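Structure first, commentary second.
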DNA sequence: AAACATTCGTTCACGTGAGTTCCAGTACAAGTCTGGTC
DNA sequence: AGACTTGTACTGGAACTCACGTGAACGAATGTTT
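This is the structure in structure tokens:
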């Protein structure tokens with residue numbers, strides 16, 4: 355249900371800190387594993403700083419990928435993708451469909 | 006561009022006599038008209054609105070004649086909406102003690118909208134009716150009314166205190207008359223064009239969205255130096271900001287022209303010498319030193335390119351262009367040139383070939399001469415109605431960050447147990463936001479976030495309205511419906527109550 | 508910047524055939 | 253490597269886990285220009301006021 | 180670690196940009 | 001009736017203020033060191 | 001007693017990021033002139 359053409363802002367990376375709340379790493383890993391298994395993304399409401407309107411975002415799990423030399427190219431975590439609002443979309447002019455011969 | 010709306014209302018005594026719980030039609034009609042005026046005023050679409058009432062004690066209309074055309078008053082004429090209309094609606098409008106024929110109101114409104122529409126290019130003319138249809142009336146002129154409505158191409162809309170469309199015979203006769211009128215004006219589709227007051231309240235509780243118009247961008251998609259297809263690009267998705275900014279005004283006089291902002295430059299010496307704006311230059315930092323670089327020299331040395339370029343650098347498999355690398359703040363939809371069959375055929379051929387081969391086009395995009403060139407990806411988007419290319423910017427070498435993060439699967443101290451994984455699976459299953467349609471055709475979205483209006487504009491408009499009407503009171507709290515629309519259905523929370531408790535029990539979370 | 512020379516060399520005559528198939532002998536682009 | 257922010261993901265009102273937000277793709281901009289005095293080629297301080 | 184740049188330790192060495200190179 | 005100039009909503013670029021994270025510098029407590037004398 | 005070393009926390013500043021505001025250019029529509 356996540357449209358590739360529904361792009362609004364560059365995506366961010368979410369990674370457990372394990373410095374303010376202990377035990378968060380285990381829950382994060384479990385969530386990542388289950389989301390990867392079930393092919394789902396966590397919809398959330400995001401507020402970066404104080405006095406900022408919330409934004410609806412989606413967390414897509416990321417699976418660690420290593421090259422032939424065992425060098426990381428895709429860190430494990432969550433990919434934060436922003437979802438556009440109703441006003442963020444613009445109407446398009448109507449155009450008749452012209453087909454092309456094979 | 007502009008539309009004329011003549012709001013008809015019934016101000017008779019019939020509505021006042023109603024059960025208090027039913028929220029008698031007077032207050033519902035006032036609320037709906039107030040919300041409509043709020044949406045119109047806070048969304049400047051240059052639409053003219055007038056107000057006509059039938060069933061009032063007084064009589065003021067262009068036509069008087071005999072006993073007919075009486076008890077009808079045109080309170081407002083076609084003009085731009087303003088807060089004075091809201092103020093009049095709040096208190097200036099009060100119930101009467103007479104009865105009137107809504108047919109007379111319709112003829113009065115047609116006369117007004119025909120007489121006052123001269124000299125203005127209005128492409129739409131909607132007449133709304135607000136009545137209980139509980140007033141005795143006679144039908145003797147519907148033929149001419151329908152003829153005039155058809156000739157003038159005037160749309161008609163009705164609102165009644167009931168949903169169907196437990197009533198008296200007069201209400202039934204009124205319902206028959208209105209249904210016949212709608213069937214004659216439009217037909218079967220017009221039957222549903224009668225909206226109850228509550229249903230209208232449901233849809234008019236949210237301010238209209240900010241609707242900006244994207245200007246077409248003409249260019250040529252070039253594959254090499256011999257192939258060129260005329261194309262037009264539009265901005266599909268972008269972040270929307272307020273059209274009107276805050277203007278700083280003097281606190282006492284409340285005037286813009288009483289304040290002037292300016293900047294000055296002074297040296298870093300002890301004496302704090304004054305340096306004029308003509309005695310400074312632009313420079314950059316090169317390590318531990320500073321190298322002057324004037325603006326004219328920078329323009330001379332600036333990178334110069336030919337603007338308005340849409341060139342296909344190459345074609346690459348879709349799997350090699352990841353979504354996480356998308357950059358920029360825009361998405362472009364590229365269609366064929368308007369009124370061009372050859373360009374449309376060429377674009378359709380390219381799109382179909384790309385879709386069949388599962389490929390995308392790495393291209394170079396430049397808005398104009400003074401715009402930095404960009405490297406982006408264009409991919410097909412084929413729909414039953416229309417097909418078009420979708421262009422999104424791609425990163426450069428300098429825009430990539432190479433950060434190394436510790437692995438989680440291989441970590442010994444961060445390995446969840448079977449019970450934790452089972453509990454997380456249960457939590458995910460319970461909090462599903464998509465439902466299968468009886469396992470028959472496809473999925474259905476419980477919480478679509480694309481259709482939710484931005485709450486920022488709603489809050490801004492609400493607070494501006496509250497200050498305008500109540501200059502002395504403080505701002506109000508956030509409306510409950512905004513929070514309701516910003517939260518998922520209660521069913522998800524009800525289902526997830528227990529799995530969350532299990533998650534809390536199993537996971538020993540502690541704050542340090 | 509696209510490599511116009513390389514693209515032209517690789518596309519020996521494909522562009523001409525595509526133009527004949529699609530564009531009639533009256534259509535003028537960029538005009 | 254630097255964290256843009258350190259937030260608290262809240263599954264509920266009593267389950268909260270600390271997470272950090274990073275940017276793996278950021279636009280590259282030219283270093284900000286600086287105003288220089290022509291005569292001595294030394295930095296000049298800028299101030300703004302309203303009246 | 181293999182591939183580490185010799186100018187800035189702790190950062191992956193970036194392969195030089197090759198632009199577009201058509202395949203056989 | 002046709003061509004040219006002006007205007008307006010739109011777009012891009014650049015500049016300035018406020019919030020967050022990481023690091024240099026400072027005042028003072030305490031540990032440690034030391035000299036002289038009976 | 002006096003003076004130097006280690007540590008300790010705390011303060012402020014540098015740098016990065018975002019949001020908001022200003023300036024300039026421009027394509028299309030409309031009005032005026034020939």
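Chains as they are written, first to last, in the authors' numbering: chain A, 355 to 456; chain B, 6 to 170, 196 to 542; chain C, 508 to 538; chain D, 253 to 303; chain E, 180 to 203. Think of the CB as a built atom: it goes at the ideal place given N, C-alpha and C, for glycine as much as any other residue.
Between the Cα of residue i and those of the options, spot the shortest distance and give me the residue it belongs to.
i	options	result
residue 14 of chain B	B:23, B:164, B:115	B:164
residue 184 of chain B	B:9, B:23, B:243	Examination of chain B shows a numbering gap from 170 to 196; residue 184 of chain B is inside it and therefore has no coordinates.
residue 449 of chain A	B:202, B:215, B:374	B:374
residue 100 of chain B	B:526, B:75, B:61, B:111	B:61
residue 515 of chain C	B:257, B:207, B:24	B:257
residue 493 of chain B	B:508, B:540, B:90, B:372	B:508
residue 230 of chain B	B:477, B:424, B:430, B:30	B:30
residue 433 of chain A	B:453, B:355, B:151, B:126	B:355
residue 199 of chain B	B:159, B:140, B:212, B:147	B:140
residue 262 of chain B	B:269, B:254, B:278, B:245	B:245
residue 388 of chain A	B:483, B:456, B:541	B:456
residue 46 of chain B	B:89, B:477, B:390	B:89
residue 464 of chain B	B:251, B:341, B:250, B:518	B:518
residue 391 of chain B	B:528, B:279, B:252, B:473	B:252
Below 8 Å on the Cβ atoms is my contact criterion, and I expect residue i with residue j to pass it. Report the Cβ-Cβ distance as a whole number of Å.
i	j	result
residue 522 of chain B	residue 427 of chain B	Actually they do not touch by this definition, with Cβ atoms about 44 Å apart.
residue 105 of chain B	residue 83 of chain B	With 8 Å as the limit, residue 105 of chain B and residue 83 of chain B do not qualify as a contact, their Cβ atoms being about 22 Å apart.
residue 259 of chain B	residue 377 of chain B	6 Å
residue 409 of chain B	residue 420 of chain B	6 Å
residue 57 of chain B	residue 37 of chain B	Not confirmed; about 16 Å, so no contact.
residue 267 of chain B	residue 407 of chain B	Their Cβ separation, rounded to whole angstroms, is 15 Å, which puts residue 267 of chain B and residue 407 of chain B out of contact at 8 Å.
residue 42 of chain B	residue 86 of chain B	6 Å
residue 372 of chain A	residue 258 of chain D	Contact flag wrong, Cβ pair sits at about 11 Å.
residue 309 of chain B	residue 290 of chain D	6 Å
residue 450 of chain B	residue 428 of chain A	Rounded, the Cβ-Cβ distance is 25 Å, inconsistent with contact.
residue 277 of chain D	residue 353 of chain B	Going by Cβ atoms, the distance from residue 277 of chain D to residue 353 of chain B rounds to 11 Å, so no, they are not a contact pair.
residue 511 of chain C	residue 254 of chain B	6 Å
residue 134 of chain B	residue 214 of chain B	No, residue 134 of chain B and residue 214 of chain B are not in contact; Cβ-Cβ is about 15 Å, not under 8 Å.
residue 167 of chain B	residue 142 of chain B	Contact doesn't hold; Cβ gap of about 18 Å is too wide.
residue 444 of chain A	residue 265 of chain B	6 Å
Tell me whether residue i, by its Cβ, gets closer than 7 Å to a heavy atom of the ligand NAD.
i	result
residue 290 of chain D	Here there are no bound small molecules, and the ligand NAD is not part of this structure.
Quick check for students: name the residue ranges of the beta strand (DSSP E) that lie wholly in the stretch 336 to 385 of chain B, counting only runs of 3 or more.
If we require 3 residues or more, the beta strand (DSSP E) runs fully inside the stretch 336 to 385 of chain B come out as 339 to 347, 357 to 366.
If the cut-off is 7 Å on Cβ atoms, which residues from the stretch 411 to 425 of chain A count as contacting chain E, listed in chain order?
Answer in chain order: 423, 425.
To be precise: take each residue of the stretch 425 to 439 of chain A, compare its Cβ to all Cβ atoms of chain B, and keep it if any distance is under 8 Å. Which residues remain?
If the cut-off is 8 Å between Cβ atoms, the stretch 425 to 439 of chain A has 426, 429, 430, 431, 433, 435, 437, 438, 439 near chain B.
Does the stretch 331 to 343 of chain B touch the stretch 186 to 197 of chain E, meaning 3 or more C-beta pairs lie closer than 8 Å?
Between the stretch 186 to 197 of chain E and the stretch 331 to 343 of chain B there are fewer than three inter-stretch CB-CB distances shorter than 8 Å, so the stretches are not counted as touching.
Pull out every residue of the stretch 449 to 464 of chain B whose Cβ sits closer than 7 Å to any Cβ of chain D, in chain order.
Residues: none.
Quick check: the stretch 525 to 538 of chain B against the stretch 259 to 270 of chain D, are at least 3 beta-carbon pairs closer than 8 Å?
At 8 Å Cβ cutoff, the stretches touch.
Can at least three beta-carbon pairs, one atom from the stretch 364 to 384 of chain B and one from the stretch 319 to 332 of chain B, be found at a separation below 8 Å?
A contact is defined here as three or more CB-CB pairs under 8 Å, and the stretch 364 to 384 of chain B fails this definition with respect to the stretch 319 to 332 of chain B.
Give the residues from the stretch 269 to 289 of chain D that approach chain B closer than 7 Å (Cβ to any Cβ), ordered along the chain.
So the close ones are 269, 274, 275, 276, 277, 278, 279, 280, 283, 285, 286, 287, 288, 289.
Between the stretch 230 to 238 of chain B and the stretch 475 to 492 of chain B, are three or more C-beta pairs nearer than 8 Å?
The stretch 230 to 238 of chain B makes contact with the stretch 475 to 492 of chain B: 3 or more CB pairs, one atom from each, lie closer than 8 Å.
Which residues, in order along the stretch 412 to 434 of chain B, keep a beta-carbon less than 7 Å from a beta-carbon of chain E?
Answer set for the stretch 412 to 434 of chain B: 427, 432.
Spell out a yes or no on whether the stretch 516 to 536 of chain C and the stretch 500 to 519 of chain B are touching, meaning 3 or more CB-CB pairs, one atom from each, closer than 8 Å.
Result no; under three Cβ-Cβ pairs closer than 8 Å.
Can you check the stretch 357 to 423 of chain A for any beta strand (DSSP E) of at least 3 residues that lies completely inside it and give the ranges in chain order?
Taking only runs of at least 3 residues, the beta strand (DSSP E) segments lying wholly in the stretch 357 to 423 of chain A are 366 to 370, 396 to 400, 409 to 416.
With three or more beta-carbon pairs closer than 8 Å as the criterion, would you say the stretch 32 to 50 of chain B touches the stretch 214 to 234 of chain B?
Touching, yes, given that three or more Cβ pairs across the two stretches are closer than 8 Å.
Of the residues that make up the stretch 325 to 357 of chain B, which ones have a beta carbon closer than 8 Å to any beta carbon in chain E?
Answer set for the stretch 325 to 357 of chain B: 343, 344.
Secondary structure, beta strand (DSSP E): runs of 3+ residues fully inside the stretch 410 to 455 of chain B
Entirely contained in the stretch 410 to 455 of chain B, the beta strand (DSSP E) runs reaching 3 residues are, in chain order, 417 to 423.
So does the stretch 386 to 404 of chain B actually touch the stretch 288 to 307 of chain B, counting three or more Cβ pairs closer than 8 Å?
Short answer: they don't touch.
In chain order, which continuous runs of the alpha helix (DSSP H) of length 4 or greater are located wholly inside the stretch 65 to 144 of chain B?
Whole alpha helix (DSSP H) segments, 4+ residues: 88 to 92, 107 to 120.
Mind listing which residues of the stretch 180 to 201 of chain E have their C-beta closer than 9 Å to chain A's C-betas, in chain order?
For the stretch 180 to 201 of chain E, the residues whose beta carbon sits under 9 Å from a beta carbon of chain A are, in order, 180, 181, 182, 191.
When you compare the stretch 433 to 453 of chain B with the stretch 393 to 400 of chain A, are there three or more beta-carbon pairs, one atom per stretch, that lie closer than 8 Å?
No, the stretch 433 to 453 of chain B is not in contact with the stretch 393 to 400 of chain A.
Under 8 Å: do the stretch 216 to 228 of chain B and the stretch 509 to 528 of chain B share three or more Cβ pairs, one atom per stretch?
Because the criterion of three Cβ pairs below 8 Å is not met, the stretch 216 to 228 of chain B and the stretch 509 to 528 of chain B do not touch.
Inspect the CB distances between the stretch 526 to 538 of chain C and the stretch 263 to 281 of chain B and report whether three or more fall short of 8 Å.
When Cβ pairs closer than 8 Å are counted between the two stretches, the stretch 526 to 538 of chain C is seen not to touch the stretch 263 to 281 of chain B, the count staying below three.
Residues within the stretch 221 to 250 of chain B neighbouring chain A, beta-carbon criterion of under 9 Å
Taking 9 Å as the Cβ-Cβ cut-off, the stretch 221 to 250 of chain B approaches chain A at 239, 240, 241, 242, 243, 244, 246, given in chain order.
Could you tell me whether the stretch 358 to 372 of chain A touches the stretch 434 to 453 of chain A, where touching means 3 or more Cβ pairs closer than 8 Å?
Enough Cβ pairs lie closer than 8 Å, so yes.
If we require 4 or more residues per run, which alpha helix (DSSP H) segments fall completely within the stretch 217 to 254 of chain B?
Those alpha helix (DSSP H) runs which fall completely within the stretch 217 to 254 of chain B and span 4+ residues are 227 to 233.
If you measure beta-carbon to beta-carbon, which residues of the stretch 383 to 405 of chain A are closer than 7 Å to chain D?
Those would be 402, in chain order.
If the cut-off is 9 Å on Cβ atoms, which residues from the stretch 357 to 371 of chain A count as contacting chain D, listed in chain order?
Of all residues in the stretch 357 to 371 of chain A, only 364, 365, 366, 367, 368, 369, 370, 371 place a beta-carbon less than 9 Å from a beta-carbon of chain D.
According to a CB-to-CB cut-off of less than 8 Å, which residues of the stretch 52 to 66 of chain B neighbour chain D?
Here the close residues number zero.
Of the residues that make up the stretch 380 to 409 of chain B, which ones have a beta carbon closer than 7 Å to any beta carbon in chain A?
Interface annotation for the stretch 380 to 409 of chain B against chain A: 382, criterion Cβ-Cβ distance under 7 Å.
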